[PDB]
file protein_3.pdb (PDB, C-alpha atoms (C1' of nucleotides))
ATOM      1  CA  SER A  16      44.168 -58.453 -66.847  1.00  0.00           C
ATOM      2  CA  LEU A  17      41.146 -58.009 -64.560  1.00  0.00           C
ATOM      3  CA  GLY A  18      37.404 -57.867 -65.072  1.00  0.00           C
ATOM      4  CA  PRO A  19      34.643 -56.381 -62.902  1.00  0.00           C
ATOM      5  CA  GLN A  20      31.904 -58.860 -63.843  1.00  0.00           C
ATOM      6  CA  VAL A  21      29.732 -61.236 -61.838  1.00  0.00           C
ATOM      7  CA  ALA A  22      30.990 -64.780 -61.237  1.00  0.00           C
ATOM      8  CA  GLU A  23      28.335 -66.547 -59.148  1.00  0.00           C
ATOM      9  CA  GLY A  24      25.367 -65.690 -61.373  1.00  0.00           C
ATOM     10  CA  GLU A  25      26.836 -66.584 -64.771  1.00  0.00           C
ATOM     11  CA  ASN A  26      30.019 -67.796 -66.454  1.00  0.00           C
ATOM     12  CA  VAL A  27      32.360 -66.563 -69.187  1.00  0.00           C
ATOM     13  CA  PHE A  28      32.425 -68.619 -72.381  1.00  0.00           C
ATOM     14  CA  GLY A  29      35.126 -69.537 -74.854  1.00  0.00           C
ATOM     15  CA  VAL A  30      35.676 -72.173 -77.518  1.00  0.00           C
ATOM     16  CA  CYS A  31      38.424 -74.798 -77.762  1.00  0.00           C
ATOM     17  CA  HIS A  32      39.429 -76.349 -81.094  1.00  0.00           C
ATOM     18  CA  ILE A  33      40.827 -79.822 -80.390  1.00  0.00           C
ATOM     19  CA  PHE A  34      42.733 -80.946 -83.494  1.00  0.00           C
ATOM     20  CA  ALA A  35      44.026 -84.519 -83.213  1.00  0.00           C
ATOM     21  CA  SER A  36      45.879 -86.425 -85.938  1.00  0.00           C
ATOM     22  CA  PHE A  37      47.669 -89.777 -85.641  1.00  0.00           C
ATOM     23  CA  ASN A  38      51.001 -88.142 -84.752  1.00  0.00           C
ATOM     24  CA  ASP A  39      50.160 -84.853 -82.969  1.00  0.00           C
ATOM     25  CA  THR A  40      47.358 -83.307 -80.928  1.00  0.00           C
ATOM     26  CA  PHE A  41      46.445 -79.621 -80.632  1.00  0.00           C
ATOM     27  CA  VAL A  42      44.565 -77.907 -77.799  1.00  0.00           C
ATOM     28  CA  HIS A  43      43.790 -74.417 -79.120  1.00  0.00           C
ATOM     29  CA  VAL A  44      41.511 -71.976 -77.280  1.00  0.00           C
ATOM     30  CA  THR A  45      40.110 -68.847 -78.916  1.00  0.00           C
ATOM     31  CA  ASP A  46      37.316 -66.391 -78.151  1.00  0.00           C
ATOM     32  CA  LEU A  47      33.748 -66.783 -79.428  1.00  0.00           C
ATOM     33  CA  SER A  48      34.586 -65.194 -82.793  1.00  0.00           C
ATOM     34  CA  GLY A  49      37.782 -67.245 -83.167  1.00  0.00           C
ATOM     35  CA  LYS A  50      40.009 -64.409 -84.405  1.00  0.00           C
ATOM     36  CA  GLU A  51      41.574 -63.691 -81.003  1.00  0.00           C
ATOM     37  CA  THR A  52      43.287 -66.580 -79.212  1.00  0.00           C
ATOM     38  CA  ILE A  53      44.092 -67.331 -75.567  1.00  0.00           C
ATOM     39  CA  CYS A  54      46.559 -70.224 -75.271  1.00  0.00           C
ATOM     40  CA  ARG A  55      47.946 -73.229 -77.139  1.00  0.00           C
ATOM     41  CA  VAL A  56      50.217 -76.096 -76.110  1.00  0.00           C
ATOM     42  CA  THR A  57      50.733 -79.014 -78.498  1.00  0.00           C
ATOM     43  CA  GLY A  58      51.276 -82.653 -77.555  1.00  0.00           C
ATOM     44  CA  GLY A  59      54.891 -82.457 -78.656  1.00  0.00           C
ATOM     45  CA  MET A  60      55.500 -79.704 -76.096  1.00  0.00           C
ATOM     46  CA  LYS A  61      55.068 -81.879 -72.989  1.00  0.00           C
ATOM     47  CA  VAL A  62      56.807 -85.170 -73.804  1.00  0.00           C
ATOM     48  CA  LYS A  63      60.437 -84.860 -74.900  1.00  0.00           C
ATOM     49  CA  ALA A  64      60.319 -88.056 -76.994  1.00  0.00           C
ATOM     50  CA  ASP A  65      58.856 -87.486 -80.466  1.00  0.00           C
ATOM     51  CA  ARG A  66      57.660 -91.098 -80.778  1.00  0.00           C
ATOM     52  CA  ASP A  67      54.466 -90.820 -78.715  1.00  0.00           C
ATOM     53  CA  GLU A  68      53.506 -87.213 -79.450  1.00  0.00           C
ATOM     54  CA  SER A  69      49.899 -88.373 -80.010  1.00  0.00           C
ATOM     55  CA  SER A  70      49.826 -90.290 -76.714  1.00  0.00           C
ATOM     56  CA  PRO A  71      46.958 -89.902 -74.218  1.00  0.00           C
ATOM     57  CA  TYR A  72      49.520 -88.790 -71.603  1.00  0.00           C
ATOM     58  CA  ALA A  73      50.758 -85.799 -73.619  1.00  0.00           C
ATOM     59  CA  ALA A  74      47.201 -84.799 -74.558  1.00  0.00           C
ATOM     60  CA  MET A  75      46.208 -85.064 -70.878  1.00  0.00           C
ATOM     61  CA  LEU A  76      49.118 -82.865 -69.761  1.00  0.00           C
ATOM     62  CA  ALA A  77      48.457 -80.348 -72.553  1.00  0.00           C
ATOM     63  CA  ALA A  78      44.751 -80.134 -71.658  1.00  0.00           C
ATOM     64  CA  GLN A  79      45.633 -79.699 -67.969  1.00  0.00           C
ATOM     65  CA  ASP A  80      48.074 -76.891 -68.829  1.00  0.00           C
ATOM     66  CA  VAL A  81      45.491 -75.191 -71.083  1.00  0.00           C
ATOM     67  CA  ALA A  82      42.830 -75.427 -68.363  1.00  0.00           C
ATOM     68  CA  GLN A  83      45.278 -74.008 -65.799  1.00  0.00           C
ATOM     69  CA  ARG A  84      46.102 -71.058 -68.089  1.00  0.00           C
ATOM     70  CA  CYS A  85      42.393 -70.473 -68.788  1.00  0.00           C
ATOM     71  CA  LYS A  86      41.588 -70.468 -65.064  1.00  0.00           C
ATOM     72  CA  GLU A  87      44.515 -68.083 -64.550  1.00  0.00           C
ATOM     73  CA  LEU A  88      43.146 -65.603 -67.094  1.00  0.00           C
ATOM     74  CA  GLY A  89      39.487 -66.197 -66.206  1.00  0.00           C
ATOM     75  CA  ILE A  90      37.656 -68.450 -68.675  1.00  0.00           C
ATOM     76  CA  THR A  91      35.268 -70.900 -66.997  1.00  0.00           C
ATOM     77  CA  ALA A  92      32.821 -72.233 -69.618  1.00  0.00           C
ATOM     78  CA  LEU A  93      34.028 -73.766 -72.840  1.00  0.00           C
ATOM     79  CA  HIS A  94      32.613 -75.095 -76.124  1.00  0.00           C
ATOM     80  CA  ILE A  95      34.330 -78.129 -77.636  1.00  0.00           C
ATOM     81  CA  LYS A  96      35.200 -78.024 -81.349  1.00  0.00           C
ATOM     82  CA  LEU A  97      36.597 -81.420 -82.367  1.00  0.00           C
ATOM     83  CA  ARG A  98      38.624 -81.890 -85.552  1.00  0.00           C
ATOM     84  CA  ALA A  99      40.657 -84.714 -87.108  1.00  0.00           C
ATOM     85  CA  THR A 100      43.249 -84.393 -89.870  1.00  0.00           C
ATOM     86  CA  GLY A 101      40.379 -84.368 -92.419  1.00  0.00           C
ATOM     87  CA  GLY A 102      40.800 -84.058 -96.164  1.00  0.00           C
ATOM     88  CA  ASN A 103      41.188 -87.297 -98.093  1.00  0.00           C
ATOM     89  CA  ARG A 104      43.536 -88.896 -95.544  1.00  0.00           C
ATOM     90  CA  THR A 105      41.204 -90.118 -92.774  1.00  0.00           C
ATOM     91  CA  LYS A 106      38.242 -88.953 -90.711  1.00  0.00           C
ATOM     92  CA  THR A 107      38.723 -90.867 -87.442  1.00  0.00           C
ATOM     93  CA  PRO A 108      40.130 -88.611 -84.680  1.00  0.00           C
ATOM     94  CA  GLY A 109      43.565 -89.357 -83.306  1.00  0.00           C
ATOM     95  CA  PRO A 110      44.372 -91.096 -80.027  1.00  0.00           C
ATOM     96  CA  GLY A 111      44.414 -88.022 -77.798  1.00  0.00           C
ATOM     97  CA  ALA A 112      41.020 -86.398 -78.318  1.00  0.00           C
ATOM     98  CA  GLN A 113      39.070 -88.357 -75.689  1.00  0.00           C
ATOM     99  CA  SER A 114      41.925 -88.173 -73.159  1.00  0.00           C
ATOM    100  CA  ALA A 115      42.313 -84.418 -73.701  1.00  0.00           C
ATOM    101  CA  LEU A 116      38.549 -83.886 -73.393  1.00  0.00           C
ATOM    102  CA  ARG A 117      38.362 -85.962 -70.198  1.00  0.00           C
ATOM    103  CA  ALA A 118      41.334 -84.092 -68.710  1.00  0.00           C
ATOM    104  CA  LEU A 119      39.746 -80.774 -69.696  1.00  0.00           C
ATOM    105  CA  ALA A 120      36.433 -81.752 -68.077  1.00  0.00           C
ATOM    106  CA  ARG A 121      38.102 -83.174 -64.945  1.00  0.00           C
ATOM    107  CA  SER A 122      40.116 -79.984 -64.354  1.00  0.00           C
ATOM    108  CA  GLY A 123      37.075 -78.106 -63.036  1.00  0.00           C
ATOM    109  CA  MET A 124      35.505 -76.205 -65.932  1.00  0.00           C
ATOM    110  CA  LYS A 125      32.096 -76.298 -67.617  1.00  0.00           C
ATOM    111  CA  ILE A 126      31.508 -77.969 -70.987  1.00  0.00           C
ATOM    112  CA  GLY A 127      28.897 -76.727 -73.433  1.00  0.00           C
ATOM    113  CA  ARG A 128      28.268 -78.218 -76.877  1.00  0.00           C
ATOM    114  CA  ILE A 129      30.601 -80.737 -78.533  1.00  0.00           C
ATOM    115  CA  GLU A 130      30.942 -80.218 -82.275  1.00  0.00           C
ATOM    116  CA  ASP A 131      32.676 -82.170 -85.041  1.00  0.00           C
ATOM    117  CA  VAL A 132      34.299 -79.762 -87.522  1.00  0.00           C
ATOM    118  CA  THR A 133      36.592 -82.068 -89.484  1.00  0.00           C
ATOM    119  CA  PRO A 134      36.805 -81.065 -93.180  1.00  0.00           C
ATOM    120  CA  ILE A 135      34.623 -83.408 -95.241  1.00  0.00           C
ATOM    121  CA  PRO A 136      35.522 -83.051 -98.943  1.00  0.00           C
ATOM    122  CA  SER A 137      33.061 -83.358-101.798  1.00  0.00           C
ATOM    123  CA  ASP A 138      35.388 -85.390-104.052  1.00  0.00           C
ATOM    124  CA  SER A 139      38.637 -83.471-103.668  1.00  0.00           C
ATOM    125  CA  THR A 140      41.969 -84.191-105.364  1.00  0.00           C
ATOM    126  CA  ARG A 141      43.961 -87.423-105.499  1.00  0.00           C
ATOM    127  CA  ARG A 142      45.061 -88.991-102.224  1.00  0.00           C
ATOM    128  CA  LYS A 143      48.811 -89.252-101.651  1.00  0.00           C
ATOM    129  CA  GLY A 144      50.154 -92.680-102.558  1.00  0.00           C
ATOM    130  CA  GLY A 145      50.246 -94.962-105.578  1.00  0.00           C
ATOM    131  CA  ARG A 146      47.560 -97.078-107.186  1.00  0.00           C
ATOM    132  CA  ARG A 147      48.765-100.108-105.195  1.00  0.00           C
ATOM    133  CA  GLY A 148      48.954 -98.069-101.990  1.00  0.00           C
ATOM    134  CA  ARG A 149      51.787 -97.994 -99.481  1.00  0.00           C
ATOM    135  CA  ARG A 150      52.990-101.597 -99.419  1.00  0.00           C
ATOM    136  CA  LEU A 151      54.871-102.389 -96.205  1.00  0.00           C
TER     137      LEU A 151
ATOM    138  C1'   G B   1      -9.060-113.709-219.035  1.00  0.00           C
ATOM    139  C1'   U B   2     -13.072-111.315-214.177  1.00  0.00           C
ATOM    140  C1'   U B   3     -14.209-113.542-208.960  1.00  0.00           C
ATOM    141  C1'   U B   4     -16.039-117.138-206.084  1.00  0.00           C
ATOM    142  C1'   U B   5     -16.522-123.038-203.918  1.00  0.00           C
ATOM    143  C1'   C B   6     -11.350-125.057-204.454  1.00  0.00           C
ATOM    144  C1'   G B   7      -8.568-121.048-197.853  1.00  0.00           C
ATOM    145  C1'   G B   8      -1.909-120.448-195.195  1.00  0.00           C
ATOM    146  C1'   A B   9      -0.968-116.346-190.556  1.00  0.00           C
ATOM    147  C1'   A B  10      -0.442-110.961-187.341  1.00  0.00           C
ATOM    148  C1'   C B  11      -3.954-106.497-185.269  1.00  0.00           C
ATOM    149  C1'   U B  12      -8.045-103.514-183.700  1.00  0.00           C
ATOM    150  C1'   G B  13     -14.359-102.199-182.710  1.00  0.00           C
ATOM    151  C1'   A B  14     -18.723-103.844-179.624  1.00  0.00           C
ATOM    152  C1'   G B  15     -21.423-107.406-176.555  1.00  0.00           C
ATOM    153  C1'   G B  16     -22.189-111.836-173.598  1.00  0.00           C
ATOM    154  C1'   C B  17     -19.983-115.156-170.174  1.00  0.00           C
ATOM    155  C1'   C B  18     -16.530-116.861-165.309  1.00  0.00           C
ATOM    156  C1'   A B  19     -19.084-118.182-158.112  1.00  0.00           C
ATOM    157  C1'   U B  20     -14.979-113.237-162.949  1.00  0.00           C
ATOM    158  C1'   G B  21      -9.897-112.764-160.747  1.00  0.00           C
ATOM    159  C1'   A B  22      -5.508-110.506-154.549  1.00  0.00           C
ATOM    160  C1'   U B  23      -5.165-117.814-149.056  1.00  0.00           C
ATOM    161  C1'   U B  24      -4.182-115.802-143.958  1.00  0.00           C
ATOM    162  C1'   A B  25      -1.931-112.107-140.514  1.00  0.00           C
ATOM    163  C1'   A B  26       3.132-116.930-137.601  1.00  0.00           C
ATOM    164  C1'   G B  27       4.015-116.758-129.174  1.00  0.00           C
ATOM    165  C1'   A B  28       8.557-114.628-137.895  1.00  0.00           C
ATOM    166  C1'   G B  29      10.065-109.576-139.127  1.00  0.00           C
ATOM    167  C1'   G B  30       9.695-103.973-140.419  1.00  0.00           C
ATOM    168  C1'   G B  31       6.924 -99.467-139.690  1.00  0.00           C
ATOM    169  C1'   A B  32       3.022 -96.229-137.375  1.00  0.00           C
ATOM    170  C1'   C B  33       0.205 -94.614-132.669  1.00  0.00           C
ATOM    171  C1'   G B  34      -0.498 -93.651-126.768  1.00  0.00           C
ATOM    172  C1'   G B  35       1.290 -93.110-121.723  1.00  0.00           C
ATOM    173  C1'   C B  36       5.789 -93.688-119.548  1.00  0.00           C
ATOM    174  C1'   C B  37      10.768 -95.278-118.187  1.00  0.00           C
ATOM    175  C1'   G B  38      16.653 -95.120-117.723  1.00  0.00           C
ATOM    176  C1'   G B  39      24.334 -92.483-113.824  1.00  0.00           C
ATOM    177  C1'   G B  40      22.078 -93.980-122.657  1.00  0.00           C
ATOM    178  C1'   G B  41      24.592 -89.634-126.135  1.00  0.00           C
ATOM    179  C1'   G B  42      26.044 -84.495-127.740  1.00  0.00           C
ATOM    180  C1'   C B  43      26.067 -78.957-126.533  1.00  0.00           C
ATOM    181  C1'   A B  44      25.516 -74.667-123.261  1.00  0.00           C
ATOM    182  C1'   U B  45      24.776 -73.126-118.153  1.00  0.00           C
ATOM    183  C1'   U B  46      24.735 -73.764-112.602  1.00  0.00           C
ATOM    184  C1'   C B  47      26.244 -75.640-107.637  1.00  0.00           C
ATOM    185  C1'   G B  48      29.068 -78.114-103.695  1.00  0.00           C
ATOM    186  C1'   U B  49      32.899 -78.830-100.064  1.00  0.00           C
ATOM    187  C1'   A B  50      37.970 -80.039-100.230  1.00  0.00           C
ATOM    188  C1'   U B  51      43.561 -79.093-102.104  1.00  0.00           C
ATOM    189  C1'   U B  52      47.317 -75.333-103.087  1.00  0.00           C
ATOM    190  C1'   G B  53      49.016 -70.271-103.274  1.00  0.00           C
ATOM    191  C1'   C B  54      48.406 -65.240-101.657  1.00  0.00           C
ATOM    192  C1'   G B  55      46.530 -60.558 -98.340  1.00  0.00           C
ATOM    193  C1'   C B  56      45.498 -59.133 -93.088  1.00  0.00           C
ATOM    194  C1'   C B  57      44.878 -60.051 -87.583  1.00  0.00           C
ATOM    195  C1'   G B  58      46.149 -62.788 -82.551  1.00  0.00           C
ATOM    196  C1'   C B  59      48.995 -66.304 -79.044  1.00  0.00           C
ATOM    197  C1'   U B  60      53.404 -68.369 -80.136  1.00  0.00           C
ATOM    198  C1'   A B  61      58.580 -72.709 -80.383  1.00  0.00           C
ATOM    199  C1'   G B  62      57.837 -76.006 -82.456  1.00  0.00           C
ATOM    200  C1'   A B  63      55.578 -78.359 -86.963  1.00  0.00           C
ATOM    201  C1'   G B  64      55.752 -82.321 -90.836  1.00  0.00           C
ATOM    202  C1'   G B  65      56.911 -87.600 -91.225  1.00  0.00           C
ATOM    203  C1'   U B  66      58.149 -92.908 -89.421  1.00  0.00           C
ATOM    204  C1'   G B  67      58.087 -99.439 -86.739  1.00  0.00           C
ATOM    205  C1'   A B  68      62.326 -95.609 -85.125  1.00  0.00           C
ATOM    206  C1'   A B  69      64.642 -91.317 -87.105  1.00  0.00           C
ATOM    207  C1'   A B  70      66.535 -88.027 -90.902  1.00  0.00           C
ATOM    208  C1'   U B  71      66.401 -85.025 -95.403  1.00  0.00           C
ATOM    209  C1'   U B  72      62.299 -80.734 -94.861  1.00  0.00           C
ATOM    210  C1'   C B  73      59.736 -75.533 -92.908  1.00  0.00           C
ATOM    211  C1'   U B  74      60.812 -72.409 -88.734  1.00  0.00           C
ATOM    212  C1'   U B  75      61.276 -65.407 -83.720  1.00  0.00           C
ATOM    213  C1'   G B  76      62.669 -62.661 -91.168  1.00  0.00           C
ATOM    214  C1'   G B  77      56.691 -66.182 -86.773  1.00  0.00           C
ATOM    215  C1'   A B  78      56.795 -72.444 -88.973  1.00  0.00           C
ATOM    216  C1'   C B  79      52.166 -75.158 -87.243  1.00  0.00           C
ATOM    217  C1'   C B  80      47.110 -73.777 -85.553  1.00  0.00           C
ATOM    218  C1'   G B  81      42.651 -70.326 -85.281  1.00  0.00           C
TER     219        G B  81
END
call {"tool": "encode", "arguments": {"input": "protein_3.pdb", "output": "structure tokens"}}
result
Amino acid sequence: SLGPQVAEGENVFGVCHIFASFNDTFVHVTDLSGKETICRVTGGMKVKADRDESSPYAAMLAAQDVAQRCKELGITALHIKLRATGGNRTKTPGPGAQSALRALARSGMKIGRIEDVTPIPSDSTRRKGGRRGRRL
RNA sequence: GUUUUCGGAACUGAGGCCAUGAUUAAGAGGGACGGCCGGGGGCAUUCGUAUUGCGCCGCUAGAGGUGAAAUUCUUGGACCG
């Protein structure tokens, strides 16, 4: 797992798909094409209590672990690909995206272009729930 | 015992005459004509992302869900790309 390239002149790029719902966050790193992956730790991996799996703490620890693994293998520059749960459920990102991005930037890498790739439907099927909604 | 005067009513030919003869165009209505306007209607095409299932590839022990959990799917590779 070594590479005889230059390090001072330029940097090696990858992309990171940050998928964040209201109950779990994902920090997934692939190559530029996206077929081949590098590392993934989810927000339920760090905390052992499944209540706050979408906490900023678990997203911060997962982003720090992903950045440590990427520095171990040799990825320095990274393109952010932000995604919520999408569909017809909601479009607001979950409560770990900003914390994971700040932890990933503070770890000592380089950030390129931030992109929102949440699936926006053009009038898809019926949303889950009744006509009166979830009354609680 | 003629046929008139002793006269009861329908129709047509030709001319003259009438100041010869049809009130208007509703801030009523119908219709026609000209340029448009509108997720108005019917039929046949065409496009968009999303959902689900399936085929292949790569890292992988968690993923879903809740106020909190569980039923649920998972090294026979779930979730994610």
call {"tool": "atom_distance", "arguments": {"input": "protein_3.pdb", "atom1": "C1' of residue 65 (chain B)", "atom2": "CA of residue 71 (chain A)"}}
result
19.8 Å
call {"tool": "interface_residues", "arguments": {"input": "protein_3.pdb", "of": "chain A", "to": "chain B", "cutoff": "6 Å", "atoms": "all atoms listed in the file", "output": "PyMOL selection string"}}
result
chain A and resi 51-52+54+136-137+139
call {"tool": "write_last_selection", "arguments": {"input": "protein_3.pdb", "atoms": "C-alpha atoms", "output": "CSV table (one decimal), in the frame of the given file"}}
result
chain,number,residue,atom,x,y,z
A,51,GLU,CA,41.6,-63.7,-81.0
A,52,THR,CA,43.3,-66.6,-79.2
A,54,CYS,CA,46.6,-70.2,-75.3
A,136,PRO,CA,35.5,-83.1,-98.9
A,137,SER,CA,33.1,-83.4,-101.8
A,139,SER,CA,38.6,-83.5,-103.7
call {"tool": "atom_distance", "arguments": {"input": "protein_3.pdb", "atom1": "CA of residue 95 (chain A)", "atom2": "CA of residue 76 (chain A)"}}
result
17.4 Å
call {"tool": "atom_distance", "arguments": {"input": "protein_3.pdb", "atom1": "CA of residue 16 (chain A)", "atom2": "CA of residue 96 (chain A)"}}
result
26.0 Å
call {"tool": "residues_around", "arguments": {"input": "protein_3.pdb", "residues": "residue 101 (chain A)", "least_positions_apart": "4", "cutoff": "8 Å", "atoms": "all atoms listed in the file", "output": "list in words"}}
result
residues 105, 106, 133, 134 and 135 of chain A
call {"tool": "build_atoms", "arguments": {"input": "protein_3.pdb", "residues": "region 73-91 of chain A", "atoms": "N, CA, C and O atoms", "output": "PDB file, in the frame of the given file"}}
result
ATOM      1  N   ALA A  73      50.383 -87.142 -73.187  1.00  0.00           N
ATOM      2  CA  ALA A  73      50.758 -85.799 -73.619  1.00  0.00           C
ATOM      3  C   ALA A  73      49.530 -84.930 -73.857  1.00  0.00           C
ATOM      4  O   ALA A  73      49.540 -83.733 -73.549  1.00  0.00           O
ATOM      5  N   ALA A  74      48.459 -85.523 -74.393  1.00  0.00           N
ATOM      6  CA  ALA A  74      47.201 -84.799 -74.558  1.00  0.00           C
ATOM      7  C   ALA A  74      46.593 -84.431 -73.209  1.00  0.00           C
ATOM      8  O   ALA A  74      46.044 -83.335 -73.049  1.00  0.00           O
ATOM      9  N   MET A  75      46.700 -85.334 -72.228  1.00  0.00           N
ATOM     10  CA  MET A  75      46.208 -85.064 -70.878  1.00  0.00           C
ATOM     11  C   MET A  75      46.972 -83.919 -70.223  1.00  0.00           C
ATOM     12  O   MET A  75      46.368 -83.012 -69.635  1.00  0.00           O
ATOM     13  N   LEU A  76      48.304 -83.933 -70.340  1.00  0.00           N
ATOM     14  CA  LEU A  76      49.118 -82.865 -69.761  1.00  0.00           C
ATOM     15  C   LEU A  76      48.891 -81.536 -70.474  1.00  0.00           C
ATOM     16  O   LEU A  76      48.849 -80.479 -69.829  1.00  0.00           O
ATOM     17  N   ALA A  77      48.725 -81.570 -71.802  1.00  0.00           N
ATOM     18  CA  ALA A  77      48.457 -80.348 -72.553  1.00  0.00           C
ATOM     19  C   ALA A  77      47.094 -79.759 -72.200  1.00  0.00           C
ATOM     20  O   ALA A  77      46.963 -78.539 -72.043  1.00  0.00           O
ATOM     21  N   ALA A  78      46.073 -80.611 -72.053  1.00  0.00           N
ATOM     22  CA  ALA A  78      44.751 -80.134 -71.658  1.00  0.00           C
ATOM     23  C   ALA A  78      44.755 -79.579 -70.238  1.00  0.00           C
ATOM     24  O   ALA A  78      44.085 -78.577 -69.958  1.00  0.00           O
ATOM     25  N   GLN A  79      45.513 -80.212 -69.332  1.00  0.00           N
ATOM     26  CA  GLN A  79      45.633 -79.699 -67.969  1.00  0.00           C
ATOM     27  C   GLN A  79      46.333 -78.344 -67.939  1.00  0.00           C
ATOM     28  O   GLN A  79      45.916 -77.441 -67.202  1.00  0.00           O
ATOM     29  N   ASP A  80      47.381 -78.176 -68.752  1.00  0.00           N
ATOM     30  CA  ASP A  80      48.074 -76.891 -68.829  1.00  0.00           C
ATOM     31  C   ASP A  80      47.185 -75.804 -69.430  1.00  0.00           C
ATOM     32  O   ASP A  80      47.201 -74.652 -68.975  1.00  0.00           O
ATOM     33  N   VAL A  81      46.398 -76.155 -70.456  1.00  0.00           N
ATOM     34  CA  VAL A  81      45.491 -75.191 -71.083  1.00  0.00           C
ATOM     35  C   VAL A  81      44.399 -74.769 -70.107  1.00  0.00           C
ATOM     36  O   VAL A  81      44.067 -73.580 -69.998  1.00  0.00           O
ATOM     37  N   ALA A  82      43.849 -75.732 -69.361  1.00  0.00           N
ATOM     38  CA  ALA A  82      42.830 -75.427 -68.363  1.00  0.00           C
ATOM     39  C   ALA A  82      43.393 -74.577 -67.231  1.00  0.00           C
ATOM     40  O   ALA A  82      42.708 -73.679 -66.729  1.00  0.00           O
ATOM     41  N   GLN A  83      44.645 -74.831 -66.829  1.00  0.00           N
ATOM     42  CA  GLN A  83      45.278 -74.008 -65.799  1.00  0.00           C
ATOM     43  C   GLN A  83      45.487 -72.574 -66.281  1.00  0.00           C
ATOM     44  O   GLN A  83      45.232 -71.622 -65.534  1.00  0.00           O
ATOM     45  N   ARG A  84      45.926 -72.403 -67.535  1.00  0.00           N
ATOM     46  CA  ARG A  84      46.102 -71.058 -68.089  1.00  0.00           C
ATOM     47  C   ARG A  84      44.763 -70.336 -68.234  1.00  0.00           C
ATOM     48  O   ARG A  84      44.664 -69.128 -67.973  1.00  0.00           O
ATOM     49  N   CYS A  85      43.715 -71.071 -68.619  1.00  0.00           N
ATOM     50  CA  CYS A  85      42.393 -70.473 -68.788  1.00  0.00           C
ATOM     51  C   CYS A  85      41.776 -70.086 -67.449  1.00  0.00           C
ATOM     52  O   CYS A  85      41.061 -69.080 -67.361  1.00  0.00           O
ATOM     53  N   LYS A  86      42.028 -70.872 -66.397  1.00  0.00           N
ATOM     54  CA  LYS A  86      41.588 -70.468 -65.064  1.00  0.00           C
ATOM     55  C   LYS A  86      42.415 -69.303 -64.537  1.00  0.00           C
ATOM     56  O   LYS A  86      41.923 -68.501 -63.734  1.00  0.00           O
ATOM     57  N   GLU A  87      43.686 -69.216 -64.948  1.00  0.00           N
ATOM     58  CA  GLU A  87      44.515 -68.083 -64.550  1.00  0.00           C
ATOM     59  C   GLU A  87      44.009 -66.783 -65.165  1.00  0.00           C
ATOM     60  O   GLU A  87      43.902 -65.762 -64.475  1.00  0.00           O
ATOM     61  N   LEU A  88      43.672 -66.803 -66.454  1.00  0.00           N
ATOM     62  CA  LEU A  88      43.146 -65.603 -67.094  1.00  0.00           C
ATOM     63  C   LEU A  88      41.680 -65.346 -66.758  1.00  0.00           C
ATOM     64  O   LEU A  88      41.289 -64.182 -66.616  1.00  0.00           O
ATOM     65  N   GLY A  89      40.876 -66.390 -66.573  1.00  0.00           N
ATOM     66  CA  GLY A  89      39.487 -66.197 -66.206  1.00  0.00           C
ATOM     67  C   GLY A  89      38.459 -66.639 -67.229  1.00  0.00           C
ATOM     68  O   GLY A  89      37.497 -65.913 -67.499  1.00  0.00           O
ATOM     69  N   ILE A  90      38.648 -67.821 -67.811  1.00  0.00           N
ATOM     70  CA  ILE A  90      37.656 -68.450 -68.675  1.00  0.00           C
ATOM     71  C   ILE A  90      37.170 -69.718 -67.984  1.00  0.00           C
ATOM     72  O   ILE A  90      37.976 -70.592 -67.646  1.00  0.00           O
ATOM     73  N   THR A  91      35.859 -69.811 -67.770  1.00  0.00           N
ATOM     74  CA  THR A  91      35.268 -70.900 -66.997  1.00  0.00           C
ATOM     75  C   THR A  91      34.449 -71.875 -67.828  1.00  0.00           C
ATOM     76  O   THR A  91      34.528 -73.082 -67.600  1.00  0.00           O
TER      77      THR A  91
END
